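Here the Cβ positions follow ideal geometry from the backbone for every residue, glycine too, while neighbour counts run over all protein chains shown. No value in this document is a laboratory result; all are computed from the given coordinates.
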Number of protein chains: 2
Amino acid sequence: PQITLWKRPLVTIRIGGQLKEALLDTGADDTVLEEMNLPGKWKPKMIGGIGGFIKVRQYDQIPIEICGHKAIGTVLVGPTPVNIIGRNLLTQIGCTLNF
Amino acid sequence: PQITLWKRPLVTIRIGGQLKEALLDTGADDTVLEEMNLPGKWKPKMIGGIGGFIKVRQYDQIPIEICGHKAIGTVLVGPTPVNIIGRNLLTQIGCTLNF
Ligand SMILES: COc1cccc(S(=O)(=O)N(Cc2cccs2)C[C@@H](O)[C@H](Cc2ccccc2)NC(=O)c2ccc(O)c(O)c2)c1
């Protein structure tokens, strides 16, 4: 599909038994999701943006479905105000910028 | 052009006769540039990101040529980690997300 940018490019994502709305975010290197208690190993990390840094937990090889497209990769979990689908997963679902 | 996302979507922009690199950011409502001088009246504004809120200067009706495509609109100047072209200008140049 083609998504115009008049409004925020929010799409439905699925991670486990949780459906969430997330931003398709070409400015984000990484995928950052709102606080959630995922199983398995993780590592602490800091990530920086407008306003400064937040602390997140890095989980690896997490399957995530984005508009019915399968992805699997690193997901950062922490107190983000918005769920963010970054370039690590945008590539896996075939997402490009066009103009 | 068609731009893939294995690398950061950084492009050359032209603003006030100066060349800068800016990130095409679908996760940005607005266009935010690092500290620089722009002509004309500006208004104080506050914007929120992942790490909280920052103060910016809002300049209206600023021409920017983005990868050869002309935009004229609002530019915020302030402590963004990287120059970002946001949706206000991405829409002007006909930029969409596709997968
Ligand atoms: C390794 O670090 C990161 C990994 C993943 C995401 C981010 S990010 O969210 O801070 N951000 C990176 C930025 C690049 C330039 C400025 S911030 C991605 C942006 O697209 C970010 C998404 C976002 C986050 C929180 C709330 C809204 C949007 N955009 C902005 O912070 C932003 C852009 C324009 C605005 O006018 C504004 O108020 C906020 C950082």
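Remark: A:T80 matches the filter, which requires a residue to be of a type in the set (S, T, Y) and closer than 19 Å to A:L10 by Cα. Restricting the first member to segment B:74-99 and to residues that are among the polar types (S, T, N, Q), and the second to residues that are assigned to a helix (DSSP H, G or I), the beta-carbon pairs closer than 6 Å and six or more apart or on different chains are B:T74/B:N88. Checked across segment B:38-59, the condition of being within 29 Å of A:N83 (Cα to Cα), out of contact with any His (no Cβ under 6 Å at 6 or more places or on another chain) and touching a residue at least 40 places away in the same chain (Cβ under 8 Å) holds for no residue.
Among residues of segment A:5-31 that are more than 7 Å from chain B (Cβ to nearest Cβ) and away from the ligand (no atom under 12 Å from the Cβ), those with a Cβ under 7 angstrom from a residue that is charged (D, E, K, R) and in a strand (DSSP E or B), sequence gap 6+ or separate chain, pair up as A:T12/A:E21; A:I13/A:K20; A:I13/A:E65; A:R14/A:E65.
Scan segment A:71-84 and tell me whether some residue there is more than 15 Å from the ligand (Cβ to nearest atom), more than 7 Å from every other protein chain (Cβ to nearest Cβ) and in contact with a helix residue (DSSP H, G or I) (Cβ under 8 Å, 6 or more places away or on another chain). Yes, segment A:71-84 has at least one match.
Scanning segment A:32-45 for residues that are more than 10 Å from every other protein chain (Cβ to nearest Cβ) and not polar (S, T, N, Q) turns up A:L33, A:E34, A:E35, A:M36, A:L38, A:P39, A:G40, A:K41, A:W42, A:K43, A:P44, A:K45.
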